[PDB]
């Protein structure tokens, strides 16, 4: 972090394979923290308080865990959901846990000339303020999307490893500085 700023992780999306068929209607009735409407979505939605997360549990045994603040917390929450399911009578395992997306944010503490930035990086930028206030920066190396705001606040998403989040930010920092709004 040569910039001296470390992006704060805000959301983690992970998946794990409980590796066994699940009866969603049965889980929905037995569990307390569950909501299920197959007419609306194919998953049983369940939430736990710590780590604060929301899981999407499918009949196939696959599961998505969202909302955690770190990879470890995401794994811890997913394991907690796996236990809830096991305790409900299913032979759940914890197969192929994988971090699918990491979302982070930081503040460079200086305003940015978005249009000027967008113009000099047309091949990576999308800036249509009338639709969304942030400039969409699609970085190719690492393959990460940064939402750059006039305030100097930045959102960095698309990473499967936190080093990608940090690297994309370090890569953008000198560009942000070049376009500092005086």
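Positions refer to the first chain, counted from 1.
What stretch has the higher average Cα B-factor here, 72 to 80 or 87 to 95?
It is 87 to 95 that shows the higher mean C-alpha B-factor.
32 to 40 versus 136 to 144: which one carries the higher mean Cα B factor per the record?
Stretch with the greater average CA B-factor: 32 to 40.
Which has the highest CA B-factor per the PDB entry: 159, 20, 172, 13?
20 has the highest C-alpha B-factor of those listed.
According to the Cα B-factor stored in this entry, which of the following is highest: 65, 122, 45, 154?
That would be 122, according to the entry.
Just say lowest, middle or highest third for the CA B-factor of residue 150 relative to the other modelled residues in its chain.
Tercile = lowest for this residue's CA B-factor.
Among the modelled residues of its chain, does the C-alpha B-factor of residue 26 lie in the lowest, middle or highest third?
Its C-alpha B-factor belongs to the highest third of this chain's values.
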